[PDB]
């Protein structure tokens, strides 16, 4: 029964990087004691350990485990570790891996291992101070000379190995080197801790070692082991702060519009609503497209008053996206006042107005909120890569996007929205060629630039932050290209083009009215939706005239005509039909219990009533089960005329409403007539549903 207090973990680390702190946090979890050597190739490792071991030269009572710091996390307790080391019958136990290195010619000299790791790895070992001192004291070589060779040549001595009883950890009982065993390692879960199991040897290693190229694989494991994320306690390091009286850090806001993006006017307006003192935020905005110049210009006088200072970079600059992200990020670096940098792409839709706070309270170096393309799996981060630096899907990927497991995660790639510490920009990565420099995509060059400096790229799915717009095929050849975004961005299209109280009226609560017997009146369209549909209609500018036939029933003749434009003529039928299924259909089935509509409508047109031409519509029936009648402009302001009238009930809709729609049975019992418009112009949208 060896005392866990006679054990010492030693490691070498020249600075307190993210990995060294990750290692110390796991060593503090199991109550280890770690001696950090040199907080001030590779052969300088042995030289430091050599001097440190002279203190403990004659300490037969002491066990000493030396491990790497950056590429290492711990997964077991010192008690269990000593149990396995004593169980090994070895005075000094080295780690074992799959590859002979450096000299591969020495592979023949190594003893024969039946079905296990056969070669040595000097990244981690454990032994008695006396036995370890006897070895490290043979060092007399230069700092640049390889240490892996020093131990390799000493272990490979059959007599020297026999004398000091030196063995390798062939079956990864204590040391698990990841390089060469990536398929041998899986996660073992518990209530409040996580481990790794070696499915090859059915062992639970204590030390996890991401040697060689398996760095991002260790970052993945390091999100759980030992108490990264637990099935019961959740994440154990996240916040789950700012001084009350004092102000928050000064932020540099950078907005990027590198392609034509939907609902852009809505995004700049959204920038005035972030719950952060605007006197503390400088705005930088790069617009790459002349398509968006009108939108920036509309909102720019407001941003200039809101924020502390603003600066625009326009399309006349001929700035490539990478050069602008250099300039934006480098503008913050050269200002010591810039305490935080925040890059936010136009396709990012932030529905959480405290996003900037949440990410700054998180006290990380570089961090990003999780945004997901609504109803899909595509998000602004990657869980894994390929050997080609192309997207792959990691084991816990779908788990995170669906928020089954939440926390702050070490991931290989982040995009669109992130917050970067000001000091980290100027201290650990002072270069300007962060995005530009090589043919690799700027956003990929970005994450690569931070990985190559050993900086964790964190991702927080601790809360709901926002979503990502689909800009993949945004047709800009319309007067209002957003009016066709009903399929690509259903959520955003609904917020901007559907009446706010539509939802509330649909879920009961008595908003819907019934002015005539079986005529129902509810809010449907928004005032922006009506203004843009009217404008797009008149922009086509080819209204029906004489010799125009319609699907109306008066007497026995369908001769009843109208100054209209059908959706087919402007190529908007597909979109309007989806509005019927998504929005009108549910309403009709609510108002007429027992009826089921698939929203079949072949006749969809927009009507125009002017005192010069067809100011009224004579009484007719409809070639439809039910008919939808949406008014598109204000009565008394855009026109001074009557509305609709149902003769069989002697009931008149005196004043229509700008966004409200009428719903009546068409084929019978509701003989309707359109009252004359006397001044101005009256617009309505008509749909003969269920013919």
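Positions refer to the first chain, counted from 1. Under this definition, the rigid core comprises the largest set of C-alpha atoms superposing within 1.5 Å between the forms.
Compare 447-455 with 134-142 and report which one shows the larger root mean square C-alpha deviation from this form in 8 other deposited structures of this protein once the rigid core is superposed. This comes out as 134-142, the stretch further from the shown form in 8 other deposited structures of this protein.
Higher-deviation stretch (C-alpha RMS, rigid core fit) in 8 other deposited structures of this protein, choosing from 386-394 and 337-345: Of 337-345 and 386-394, the stretch deviating more in 8 other deposited structures of this protein is 386-394.
Residue gap status of residue 577, at least a third of other entries: Across the other compared entries, residue 577 is absent from none.
When the other entries of this protein are compared, is residue 41 unmodelled in at least a third of them? Residue 41: unmodelled in a third or more of the comparison entries.
Residue 247 preceded by how many uncoordinated deposited residues after residue 246: Per the deposited record, the segment joining residue 246 and residue 247 has no missing residues.
Which is higher on mean Cα B factor in this entry, 161-169 or 182-190? Comparing 182-190 with 161-169, the higher mean C-alpha B-factor belongs to 161-169.
Quick one: say whether 227-235 or 442-450 has the higher mean Cα B-factor in the deposited entry. Averaging CA B-factors over each stretch, the winner is 227-235.
Highest Cα B-factor in the deposition, which of 139, 201, 497, 435? Out of 139, 201, 497, 435, the record gives the largest C-alpha B-factor to 139.
Highest CA temperature factor in the entry: which of 488, 347, 145, 80? When the deposited C-alpha B-factors of 488, 347, 145, 80 are compared, 145 is largest.
Please rank the C-alpha B-factors of the chain's modelled residues and tell me whether residue 639 sits in the lowest, middle or highest third. Within its chain, residue 639 is a highest-third residue by C-alpha B-factor, going by the deposited values.
Chain-relative CA temperature factor third for residue 87: As the PDB entry reports it, the C-alpha B-factor of residue 87 lands in the middle third of its chain.
Please place residue 66 in the lowest, middle or highest third of its chain according to the CA B-factor in the PDB entry. Lowest third - that is where residue 66 ends up once the chain's C-alpha B-factors are sorted.
Chain-wide C-alpha B factor ranking for residue 508, given as lowest, middle or highest third: Its C-alpha B-factor, which the entry lists for residue 508, ranks in the highest third among residues of this chain.
Against its chain's modelled residues, does residue 29's Cα B factor rank lowest, middle or highest third? Bottom third by C-alpha B-factor.
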